[PDB]
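Chemist: need a 3D model of the sequence below.
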Amino acid sequence: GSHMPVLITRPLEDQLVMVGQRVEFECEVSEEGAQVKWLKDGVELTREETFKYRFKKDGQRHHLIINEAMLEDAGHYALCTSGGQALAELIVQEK
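Modeler: Numbering: from 1, shown residues only. See the structure here:
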C-alpha cells in the first residue's frame, strides 16, 4: 500500500547566525501539505502561539523563519517526517 517515505528533498541550512538577525531555512518534502515535526535540540517548537517563529507551508516546501535567533535557541534542528531526515546545526553568537 502506501509505504513510500516522505523524503526531505531540500536539506536544512548549515550556516550560523547572530542574535537579533533572522534565520531562513529552506526545506521541501516529496508530498505537498505533508506532515512534519520541528525539533530544536530535541525540544519541539510550540506553534500554539508564535510571535517569534513563523511556520509557512507553501505546497511541498516549509519555511521556519526565526525573527530573532538566541544563543540557546539555535540547538540542533531536525525535521521529523514520514521517515525523511534532514539535520541543521545552528550556531548563534552575539556580535
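
Chemist: I'd say residue 22 and residue 63 touch.
Modeler: No: Residue 22 is beyond contact range of residue 63, at 11.1 Å (criterion: Cβ atoms under 8 Å). C-beta: built from backbone N, CA, C; applies to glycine.

Chemist: can you give me the strands in this protein?
Modeler: Secondary structure of the chain by DSSP state E: the strands cover 17-18, 23-24, 27-28, 38-40, 43-44, 53-58, 61-66, 76-80, 85-89, 92-93.

Chemist: out of those, which comes closest to residue 9?
Modeler: strand 27-28 (4.7 Å; Cβ to Cβ).

Chemist: same for the closest one, what does it pack against?
Modeler: If you count contacts as 3 or more Cβ pairs under 8 Å, 6 or more residues apart in numbering; DSSP states H and E, strand 27-28 packs onto strand 61-66.

Chemist: how about the strand it packs on: buried residues?
Modeler: Applying a neighbour-count criterion of 16 or more other Cβ atoms under 10 Å, one finds 62, 64, 66 buried in strand 61-66.
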